[PDB]
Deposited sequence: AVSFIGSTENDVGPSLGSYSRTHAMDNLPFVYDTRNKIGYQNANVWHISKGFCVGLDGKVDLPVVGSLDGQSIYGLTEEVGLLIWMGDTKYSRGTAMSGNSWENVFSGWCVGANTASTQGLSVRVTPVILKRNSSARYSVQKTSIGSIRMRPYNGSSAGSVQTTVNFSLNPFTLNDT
C-alpha cells in the first residue's frame, strides 16, 4: 500500500530569518524543509522522487541553476530524499529525478520522506537584501516496479519563508 501522511503546503527556512556572510551565503541546512514521513508505504511498494523548481533560471554555478527571487537575490536549490546530504542539485524548470528510489520490504512497512534545501546568492549589490514569501516548486513521489499511486496525493509544494541577507 501507499498513503499520504505529510503536508501539501510546506515552508522552507525560519520565518524572517536573518543571514550574514555571485556571492553564496553559507547557510547550511538552515533554509530547509525536511520530513522523514511524507508517504506511508508497505508490502513491496517501490518509490523514488521527482523535483521541480518553478522560479526563473537567472544563471548557473558549477552545473546547477541559480534561480532568481529579486534583482539582487537568487538561490541554489537541492531536492531529494530525507537526509540533507542526499540532496540533488536542481537545474531548469522541468521535473528532475532527485531520488532514484527504494522498495520497502515485501512483508513490512515504512515511510518515504523528502528534503528541500536552498542557499541564498547575491547576484547584484545595492547591503541589506530582503526577500518575501515565494513559491519555490514541488516534489512528487514516483512509484516504480509496477507500484501504483492509485488516487493517493502524489505532489507536495514548497514556499520560501521570507528572509533578510546582511552584507
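Mapping the modelled residues onto the deposited sequence reveals missing stretches at 22 to 28, 134 to 135, 177.
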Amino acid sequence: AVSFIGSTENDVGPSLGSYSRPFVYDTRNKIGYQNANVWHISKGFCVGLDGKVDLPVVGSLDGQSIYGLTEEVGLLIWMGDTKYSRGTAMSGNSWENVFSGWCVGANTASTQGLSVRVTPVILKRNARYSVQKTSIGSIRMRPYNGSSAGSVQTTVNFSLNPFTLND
From here on, numbers count along this sequence of modelled residues.
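In none of the other PDB entries of this protein that model the residues around it does residue 50 lack coordinates, well short of a third. In the other compared entries of this protein that model both flanking residues, residue 26 lacks coordinates in at least a third of them. Stretch comparison (33 to 41 versus 129 to 137) by mean CA B-factor in the PDB entry places 129 to 137 on top. The mean Cα B-factor in the deposited entry runs higher for 22 to 30 than for the other of 111 to 119 and 22 to 30. Sort the modelled residues of the chain by CA B factor and residue 75 lands in the middle third.
In this PDB entry, residue 101 carries a Cα temperature factor that places it within the lowest third of its chain's modelled residues.
When the CA B factors of the chain's modelled residues are split into thirds, the value for residue 1 lands in the highest one. In the PDB entry, residue 48 places in the lowest third of its chain by CA B-factor. Placement of the Cα temperature factor of residue 57 within the chain: middle third of the modelled residues, per the deposited record.
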